[PDB]
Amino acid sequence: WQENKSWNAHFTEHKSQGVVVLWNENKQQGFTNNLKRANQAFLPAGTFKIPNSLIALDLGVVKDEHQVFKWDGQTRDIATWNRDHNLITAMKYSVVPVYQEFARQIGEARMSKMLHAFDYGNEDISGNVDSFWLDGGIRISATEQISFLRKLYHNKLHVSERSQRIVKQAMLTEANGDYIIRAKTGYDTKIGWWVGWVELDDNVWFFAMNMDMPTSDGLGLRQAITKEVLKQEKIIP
């Protein structure tokens, strides 16, 4: 690990504070603007959708990325959530209710063993089985996110290869002639996250970032700041 405090300007430029962590797969070297925050554990919030999805797929709770998860009929504040979804759209719109259902079907016991097998965060699911990642005991650091993602990238997680490929499909966020980004955002009403990786022709750059988000105002900076960092490091144009 190498600390690059210069990356801090990206946060200050935006009257914000946080951490960005990068991992160069080819070189097995990591970078961050704050070695400490890089290791501060936080509630994963939406980013937990990645493991929740893997678990659901492996247990059959989710058949594939096409399967329809019919809306339960309860209108919620976020418009996009009040409709039928599939893994793809459920990830894109961060549809909590769908995932809460997955969690319930998964159940405490299977969830707990699964997170342990994944070596995910503090592996604690205390609280409601269908809300622990949002207001429970589970906590994960950015470096931890990276360790987890690297396993996923390489299909080394303790679930079927198929489940892993499907989740990676569902993580698709951006792609063009220069790179591909597979990631997941999160927001716990205090902290905002963006975790994933940038696929290049001959390398992969894993990333995990989090930042203070007192207001849903700046959710956009999660992606904005990260890219400024990627651009700065010449990972993307």
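Residue positions are given as counts along the sequence shown, with the first one as 1.
If you average the C-alpha B-factors over 69-77 and over 141-149, the higher value belongs to 69-77.
Between 159-167 and 129-137, the higher mean Cα B-factor belongs to 129-137.
Of the residues listed, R182, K49, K190, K63, the entry assigns the biggest Cα temperature factor to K190. Residue set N176, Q40, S53, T173: peak C-alpha B-factor at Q40 (per PDB entry).
Ranked against the other modelled residues of its chain, the C-alpha B-factor of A45 as given in the entry falls in the middle third.
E199 sits in the lowest third of its chain by CA B factor, as recorded in the PDB entry. Annotation for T89: CA B-factor lies in the lowest third of the chain's modelled residues.
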